[PDB]
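What follows is one chain in structure tokens, specifically the form deposited in one PDB entry.
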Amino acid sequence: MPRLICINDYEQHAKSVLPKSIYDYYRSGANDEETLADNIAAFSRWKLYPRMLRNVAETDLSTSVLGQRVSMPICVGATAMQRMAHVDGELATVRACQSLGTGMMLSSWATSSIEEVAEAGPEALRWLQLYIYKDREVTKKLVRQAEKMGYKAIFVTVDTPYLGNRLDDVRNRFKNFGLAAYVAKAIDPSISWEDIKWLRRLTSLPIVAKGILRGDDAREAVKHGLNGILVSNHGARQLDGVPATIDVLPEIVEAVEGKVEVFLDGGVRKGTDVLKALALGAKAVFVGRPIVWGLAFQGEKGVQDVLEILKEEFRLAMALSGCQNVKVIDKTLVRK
């Protein structure tokens, strides 16, 4: 059990208990961290226009992601090597997701195997985040493992031909196959739409393009037969000076013309952030850093607590805005 009542409290506690180099690795954005600040600031510029007297006695937060039911439109995003935050790492995370009835996106650079996570969370909704590695044999092996171990989708990260320049990591230096050296050597900078065609042919699993920021790229992902877009700037860790994901979301929703689900990550810290993303047409949002702060506090119980805080904040935001369920969250609730 100190008393942590919002996501910011979990971050402040994590700073107090993590070694500075580990806290800095988790916290940091690219270069001058303009986008890191904007992912949060942009949510505040979108104002809520709540409806009164709707009857919100029995708020229902449940929705579906790529045809699978979830308890809430708030899911765990991929964050590499969770065992740095807590000894149980990804196993703690999947156990919390199982408890909450939400989905976990497992990093393909995890400190737990695809099989181990599936064995720890057999009833959990689980997706695999994938890089198309220079080694296409190990890429293929991960997708086959995901299929065999009951994972329900592939999130292919498309914004990382190279790793971003996070200054604190350079100052501090530095389980399915840790230093930026070895990761940089593994990731293929040549990845093209031809490689998306190869991945689409490799699996019948739903594939989501993670890291799209342009309407024209979203349209190309639909044309390649992908099943969703995760509007993401990689938590502002790749190219600094890109827009906030909440500011780009409306463009992407407009561009895909309802053909695939659109998701958002980047800067989600509060229930009102979730409400604004759904009002602008996202099906669900993903959280990265909040999950790591949960792990740092108390492993599985810490992740469960973070997810329960976001769930309760989202329920209250829905109720106060006059929304009894996610289907009645509409564009007129928000204006910038």
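Residues that one form lacks are left out of the comparison. Heads up, when I say rigid core I mean the largest set of C-alphas that superpose within 1.5 Å between the two forms. The first residue of the shown sequence is 1; numbering continues from there.
What comes next is about the form deposited with a small molecule bound, which does not appear here.
Only one of 181-189, 93-101, 146-154, 248-256 places residue heavy atoms within 4.5 angstroms of the small molecule in the entry with it bound, namely 181-189.
In the entry with it bound, the small molecule sits within 4.5 Å of a heavy atom of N176. The small molecule is not shown here, and in the entry with it bound it never comes within 4.5 Å of any heavy atom of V87.
In the entry with it bound, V138 approaches the small molecule with a heavy atom inside 4.5 Å.
For the chain shown alone, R214 is not a contact residue for the small molecule in the entry with it bound, no non-hydrogen atom being within 4.5 angstroms. Core-based superposition between the shown form and the other one shows that, of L167, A184, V87, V138, only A184 has its Cα displaced by 2 Å or more. Core-superposed difference between the shown form and the other one: one segment of three or more residues with every CA shifted 2 Å or more, namely 179-184.
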